[PDB]
Structure formats: structure tokens, C-alpha cells
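To start, the structure itself, in C-alpha cells.
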Amino acid sequence: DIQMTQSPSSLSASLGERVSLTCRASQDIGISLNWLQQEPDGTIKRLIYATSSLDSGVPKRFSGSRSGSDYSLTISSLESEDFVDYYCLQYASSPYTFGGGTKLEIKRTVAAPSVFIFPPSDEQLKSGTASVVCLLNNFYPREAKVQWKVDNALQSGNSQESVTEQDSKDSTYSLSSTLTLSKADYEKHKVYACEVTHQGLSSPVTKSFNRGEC
Amino acid sequence: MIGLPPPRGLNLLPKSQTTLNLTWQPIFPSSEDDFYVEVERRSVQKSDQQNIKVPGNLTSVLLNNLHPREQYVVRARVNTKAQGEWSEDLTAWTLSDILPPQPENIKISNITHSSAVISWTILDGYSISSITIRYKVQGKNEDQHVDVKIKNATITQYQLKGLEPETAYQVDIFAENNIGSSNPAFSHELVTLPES
Amino acid sequence: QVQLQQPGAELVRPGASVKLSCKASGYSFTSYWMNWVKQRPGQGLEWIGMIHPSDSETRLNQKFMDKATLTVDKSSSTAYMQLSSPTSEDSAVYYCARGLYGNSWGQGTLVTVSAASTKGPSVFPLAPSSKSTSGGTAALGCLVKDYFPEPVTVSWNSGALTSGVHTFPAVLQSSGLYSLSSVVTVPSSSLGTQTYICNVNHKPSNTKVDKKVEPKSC
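Residue numbers (the authors' numbering), protein chains in the order written: chain B, 1 to 214; chain E, 540 to 735; chain A, 1 to 218.
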């Protein structure tokens, strides 16, 4: 199977910037390659056909080119709608194989999250389970670290995270982290804390509560 | 009264949207009656049959008042008074009134660095006389093209040879009849492999 | 206009085969190869194989040899892909795409292989904190726990409250049920004055909840 090594896998750029994606083929594939675009809703569209042919109705700022085993998609000047995902695809040999993709996102200034912690509701505690929620609101860049501490003990294996897609208006992300405990475990401990590390915070920020106090 | 075989060398060919011509060999030179020969033509898509007699001295008749794109069946008899023995059935289509439909079932397969097998189908009864595989290098090279003109409708696939490697072609397939050609459509895509 | 129509989603029970459909229109169905492609959520793409509708010749990625069967139905210009004995590894979006070189794509069918029974969520308040900055911004929300299948929808104040809302993509819990939260940030001054209601709707179970979220008594 031919391997298509697509780099970079993720790329942050600005409006009107010019960027290039590259796939390298593990064996000779000639011109037998397409470039694909994928919208966040999953829609897939062919942009470039056969290495360099621009498909009908694709804006002129997209172009494809080649050099040896290296194949490149170049966007001459980014528009807000171009910050999606891209894949190359070889069909010189079967089975056809795809590059691993490139996710483009919009670069903006660094923004620290505002952090909030939420205790479980009394209603949920009666069902026998407790969820504790940590909210990181409107930060940039995407990378962030959230650690849970119960009576100062770092937790592992019992939390799940969810991150929003880059916001279409202010280009930030938000993230939730949910700690799930049995009611018995939640009630034998006092201090619940979310500790957040992020490029826009010059030190880790901790939000916390004591169970049963206001 | 009277039994005699039919004439071989029997030809039934279209001559227009409304007429077909039937020919055969010269007569048996032994006796005549007055001698006559008769011919029967019937439509397949419709129910209309006509009976004709033409003097034995001749070798052809011209069926007339037919309809375009309609298939007919004909047979003929050598008759004395008369009761000749019937010919075998001949089939033929009037020439079409319309352009022929595009070829269908187009399949492109077995692409190499220089060749590719293309197959297709065409509909009967449109007087299609030839198929043409045309190809050109993708896009900006719209200055030259190759045409393979296949005049034998019995043929349904052809191996294109002598193509440039790692090259992208647009391929088109037309059908031609008395009226004109396939209405053009979108070209197929074909990308040859690099040389191994 | 070429059009390849695939259903948006299919729920599939583990082990029970499923037949995915791709209906072609606006072009000569028997004149173009048809490809199938697999994409795991958040993952890359994988070519499964292709089939020519004219005579149903098929070429398959050997990886799927014992997983997928490609067929066509000429009279309905539909191409089908059947997946046998599905497991959780088969959950993914499956695309069809026309032509040797994929010049038109269907929208894809999201296949979810799961034995989970349909189940409505519980909704719990994420109450705004009693330490909210006097002159600042407070946050509050709703926790929407333990439902199946996707989707659920959430609004705030019957749709009047729009700005500052974040409804997170659901996570699949180790239990096989989904969970998500929806949050909003609002003026701290407005707590106790403005009512805040999250409107939760899970159609597959006809659960609809309106949970008022207020600061806790203390």
C-alpha cells in the first residue's frame, strides 16, 4: 500500500495569508492525485484533480503543484471559509490511500480562559452519582491542561473533556471537563478543585469549592 | 401450383426514412407463365402489412410509405398461378428521423502507462452507423485530439494505445447516424499511470 | 446537476448486517465507477473499494474483503454497500463518490454500531456560583446526562438567550450513553433578577425538559 505523508497535520494562519500543504508519496504515483476539502459538517468536495487541474467553480486562489514525490496544495490568500480540513488521495495503485489530513484554524491573539467550577446538584446525588464540571470559557490557542484534585489528590481516569469548534465570531475555544464519582466517594471528601494551565495564564489557575459550604 | 424456391441473393436495405429497397438475383430461365414474384412487408412496432407483386424480369423493389425508426419484416415468393414457396424473413430499419442517443454503459478500465480499455453500448433501430472515441489532453491543450472511428456496430470495446504516461485526458464517445451525431455531453476522465 | 443521495445516519445492532444506499441522479448511472470511503469520527479517510454499475465488476481494498459487499440496482440507479457482522470498529461515516477520480461525493451516512437501548436524559442544573464577581460575569448551565442515541438539542429561555451560549459536543461515556453540558455566561448582577431556563429536547425518546437554573439556597 502506498503511503501519503501529509504535512503539516495542523496549521494556524491568518486571513489573507498564503499557505501550502504537502503530501509525499512512498512510491511513484505520477500525477494520479487529488486534493479534497472537508467542511465541518462532513461535506467532501474535490478541489484539484490530477495534481494540478482546478475543478470547475473552485476559486482561483486554490492551486496544486508537484515536485518529485512531493505534492502541494497552495492557497494564495486565505478566506474565512478556507479554515477547514484538507486531504490528498492517491489512485496510482490499489488500494487508493489518503493523506492523513490537515486541519486549518484561524490564528488570533492569545486569550486566557475564564474558569468556573460547578458542584453536583442535590437532585443528582440522590440517584447515587456525582458529576463535577469545570468550564474553560473562550480561550486561544486550543491547547489547555485541566487537572482535578480531590482533597488535594490529583485524579486520573475518571474525567472526560469536550471542546467546542473554533468560534465563528471571535475564533476562541471553550472546553468542559467532567469529573464523575460515586455518591459515596463524593461525600467522603471535602475540597474539589479544577486546576487550569494555558498559555494565556502566566501561572496555573485553580477554581474550587468545599462540599456542603456556600 | 406452382412450387419453386425463392431467390437467394436477397438484400433488404434502407434508402430513406420512408423507403427500403429489396434486391435479388436474376430469374430461373426455364419457363414463365406470365411469371411474377411477390413480396410481403409488415411492421414490428405497428400492425400494418402490404402485399406487392412485381414482374419477374426485375431484381429489386422499393418499399414505400414507411415510417422512420420503424423495423419491418419482409419475405418474397416466386409465383406462377401462383403458390410459390416463401423466402426466409429479412429484417431492416428505416433510417432515423432524429439524432441518435449517446452511447451508454461507458466503462473505462485497465489503465496503464500508455493504454486503457473503453467499452460502451448503443441502442438499436436508430440507424447508428459508427461509434467515435475522441480524446485530448486535459484542458489547456484544446488544440489537437485523436478520434477512433469504429464503423462496425458489432464492436463494443476498444483498447486505446499510445497514450502519454502520467497524463490526464478527456474522453468522449459519440454515435453517428444519417441525421447527425450524439448530442455532446460531459467528457469522461482518464489519467494514465507513470512509467514503471 | 449530479446528485448522490445517502441517508444521514443508521443505527446498527452489533452483529446484524446493514445495507447502505447511495442513490444517483442527474447523470448516466451505468457510465461511471462508484467508490465507497470510510471515515471514523475525527479520523482520516479510507478507501473501501469501487464497483461499476454497468456489469457490477468490483475492486476492493483487501482490508475490507470480508467486511463489505458492493452491489447496484440499475432500475433505481442505486448503489449499495452491505457491511457484515458489524462491530464498534465499523462505526464511521461511509461516503459514495462517482467516477474513477471521485468528481462528485455523497453527503455520507453516519453508522453507529451499538446495543444500547433508547433512553432519555436526566437534566441537572450547573448553578451559578455564590462567589460570582459583584460587577463581573457569572457562568451557569445544564448537565444533560445519560441518553441514547444522538442528538439532543438545548436552548436557553426558549431561544431568547443566544449570546455566550456553549453547548458542548456530547461525549460517549464508558456506560455507552451520551452526556453533554450547555453553559452560558451572563452578568452577575442579573442573577436573582433574570430567570434562566435550559430547554432540552431528546426526540428519540420524546424527552423535553425545561430546567430553571438558579443560585442554590444558602
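Every residue, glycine too, gets a C-beta built ideally from N, C-alpha and C.
Point to revise | Between the CA atoms of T97(B) and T118(A) - distance to the nearest angstrom | key: Position 118 of the third sequence, counting from 1, holds the residue named residue 118(A). Position 97 of the first sequence, counting from 1, holds the residue named residue 97(B). Going by the C-alpha atoms only, they are around 37 Å apart.
Q) Beta carbon of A127(A), beta carbon of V186(A): below 9 Å? A) Here residue 127(A) is taken as the residue at index 127 of the third sequence, counted from 1. Here residue 186(A) is taken as the residue at index 186 of the third sequence, counted from 1. Against a cut-off of 9 Å, the Cβ pair of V186(A) and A127(A) comes out as no contact.
Practice prompt. For the alpha helix (DSSP H) containing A184(B), list its first residue and its last residue.
Written response: As a first step, residue 184(B) must be located in the first sequence, where it is residue number 184. 183-187 is the span of the alpha helix (DSSP H), which, as asked, contains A184(B).
For a contact defined as C-beta to C-beta under 7 Å, what are the partners of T185(A) on chain B?
Along the third sequence, read from residue 1 onward, the residue named residue 185(A) stands at position 185. Residues of chain B passing the Cβ test: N137.
Between which two residues does the alpha helix (DSSP H) carrying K126(B) extend? For the purposes of this step, residue 126(B) is taken as the residue at position 126 of the first sequence. Residues 122-126.
Cβ-based contacts, 8 Å cut-off: residues of the region 51-68 of chain A near chain E: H52, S54, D55, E57
**OP:** Would you check if the region 22-42 of chain B and the region 65-74 of chain B touch, i.e. whether three or more CB-CB distances between them fall below 8 Å?
**Re:** yes
Exercise. Using the C-alpha atoms, what's the distance from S555(E) back to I541(E)?
Worked result: Stepping through the second sequence from its first residue, residue 541(E) is reached at position 2. Stepping through the second sequence from its first residue, residue 555(E) is reached at position 16. Taking the straight line joining both Cα atoms gives about 35 Å.
Using C-beta distances below 6 Å, list every residue in its chain close to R614(E), excluding the 5 sequence neighbours before and after it, in chain order. The count along the second sequence starts at 1 and reaches residue 614(E) at position 75. Excluding residues within five positions, the ones whose Cβ falls inside 6 Å are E579, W625, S626, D628.
Check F168(A) in the structure and name its three-state DSSP category. Residue 168(A) sits at position 168 when you count from the first residue of the third sequence. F168(A): coil per DSSP, three-state reduction.
One question on the structure: do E705(E) and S32(B) come within less than 9 Å of each other, judged by their Cβ atoms?
Position 166 of the second sequence, counted from the first residue, corresponds to residue 705(E). Position 32 of the first sequence, counted from the first residue, corresponds to residue 32(B). Contact: yes.
### Host beta strand (DSSP E) of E734(E) (start-end)
Counting from 1 along the second sequence, the entry for residue 734(E) is found at position 195. That residue, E734(E), is in no beta strand (DSSP E); it is neither H nor E in DSSP.
Beta carbons nearer than 8 Å to chain E: which residues of the region 80-109 of chain A have them? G99, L100, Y101, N103
Delimiting residues of the beta strand (DSSP E) encompassing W148(B) | Taking the first residue of the first sequence as position 1, residue 148(B) is located at position 148. Its beta strand (DSSP E) spans residues 145-150.
- Query: What number of angstroms, rounded off, separates the C-alpha of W659(E) from the C-alpha of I645(E)?
  - Reply: The count along the second sequence starts at 1 and reaches residue 659(E) at position 120. The count along the second sequence starts at 1 and reaches residue 645(E) at position 106. Their backbone Cα atoms lie some 4 Å apart in a straight line.
Query - Outcome for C214(B) when other beta-carbon atoms lying within 10 angstroms are tallied against a minimum of 16 - result: Residue numbering aside, residue 214(B) sits at position 214 when the first sequence is read from its first letter. With fewer than 16 Cβ atoms within 10 Å of its Cβ, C214(B) is classed as exposed.
> Under 9 Å Cβ-Cβ, which residues of chain E neighbour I2(B)?
Replying inline: For the purposes of this step, residue 2(B) is identified with residue 2 of the first sequence, where counting begins at 1. None at all; the shortest Cβ gap to chain E is about 12 Å.
### Query
Going by other Cβ atoms of all chains shown within 10 Å of its Cβ, with 16 needed for buried, is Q194(A) buried or exposed?
Sequence index remark: in the third sequence, residue 194(A) carries index 194 (1-based). Exposed.
Less than 8 Å between C-beta atoms, sequence neighbours within five positions excluded: which residues of the same chain meet that for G701(E)? If you number the second sequence from 1, residue 701(E) lands on position 162. Within the same chain, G701(E) has close Cβ partners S653, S654.
**Report entry** Cβ distance (whole Å) where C142(A) is taken to contact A79(A) below 8 Å
**Finding:** As a first step, residue 142(A) must be located in the third sequence, where it is residue number 142. As a first step, residue 79(A) must be located in the third sequence, where it is residue number 79. In fact, because the Cβ distance is near 43 Å, the residues do not count as touching under 8 Å.
Checklist entry - From what residue to what residue does the beta strand (DSSP E) around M81(A) run? => result In the third sequence, the residue the question calls residue 81(A) occupies position 81. From DSSP, the beta strand (DSSP E) with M81(A) extends over 78-83.
query: Got a sec: is the Cβ-Cβ distance from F124(A) to anything in chain B below 9 Å?
result: Counted from its first residue, the third sequence places residue 124(A) at position 124. Interface residue, yes.
Do you know offhand how far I29(B)'s Cα is from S54(A)'s? Locating residue 29(B) in the first sequence gives position 29, counting from the first residue. Locating residue 54(A) in the third sequence gives position 54, counting from the first residue. Between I29(B) and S54(A), the C-alpha separation is close to 28 Å.
Original post:
Which term fits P95(B), buried or exposed, when burial requires 16 or more other beta carbons within 10 angstroms of its beta carbon?
Top reply: To locate residue 95(B), count along the first sequence from 1; it is residue 95. Looking at its Cβ environment, which holds 16 or more other Cβ atoms inside 10 Å, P95(B) is buried.
**Q.** Within chain A, partners of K45(B) - CB distance below 8 Å
**A.** Numbered from its first residue, the first sequence carries residue 45(B) at position 45. Those within 8 Å of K45(B) in chain A are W105.
Quick check on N716(E): buried or exposed, where buried means 16 or more other Cβ atoms within 10 Å of its Cβ? Within the second sequence, the letter at position 177 stands for residue 716(E). By the neighbour-count rule (16 or more Cβ atoms within 10 Å), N716(E) is buried.
Please report the Cβ distance between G108(A) and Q6(A), rounded to the nearest whole angstrom; I am assuming they are in contact, meaning their Cβ atoms lie under 8 Å. Sequence index remark: in the third sequence, residue 108(A) carries index 108 (1-based). Sequence index remark: in the third sequence, residue 6(A) carries index 6 (1-based). That pair is a contact at about 6 Å.
**Asked** Under a three-way DSSP split, which group does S168(B) fall into?
**Response** Within the first sequence, numbered from 1, the residue matching residue 168(B) stands at position 168. It is coil, neither helix nor strand.
Hey, does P119(B) have any beta-carbon neighbour from chain A nearer than 9 Å?
Counted from its first residue, the first sequence places residue 119(B) at position 119. Closer than 9 Å to some Cβ of chain A, the Cβ of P119(B) qualifies, so yes.
Any idea what DSSP makes of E105(B), helix, strand or coil? By one-based count along the first sequence, residue 105(B) stands at place 105. In this structure, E105(B) counts as strand in the three-state DSSP scheme.
How far does the beta strand (DSSP E) with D711(E) in it reach, from first residue to last? On the second sequence, position 172 is the one that residue 711(E) refers to. Taken as a continuous stretch (DSSP letters only), the beta strand (DSSP E) holding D711(E) covers 707-715.
Can you find at least 3 beta carbon pairs, one from the region 165-176 of chain A and one from the region 144-162 of chain B, that sit closer than 8 Å? yes
_Which residues does DSSP list as the beta-bridge partners of residue 228(A)?_
Within the shown structure, residues of chain A are numbered from 1 to 218, placing residue 228(A) beyond reach of any answer.
**Study point:** Span separating the alpha-carbon of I657(E) from that of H52(A)
**Key:** As a first step, residue 657(E) must be located in the second sequence, where it is residue number 118. As a first step, residue 52(A) must be located in the third sequence, where it is residue number 52. Distance between the alpha carbons of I657(E) and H52(A) is about 13 Å.
| said: Need the endpoints of the beta strand (DSSP E) that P125(A) sits in, please. | reply: Taking the first residue of the third sequence as position 1, residue 125(A) is located at position 125. Where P125(A) is concerned, the enclosing beta strand (DSSP E) stretches over 122-126.
inquiry  = Under 8 Å: do the region 98-109 of chain B and the region 122-137 of chain B share three or more Cβ pairs, one atom per stretch?
reply    = no
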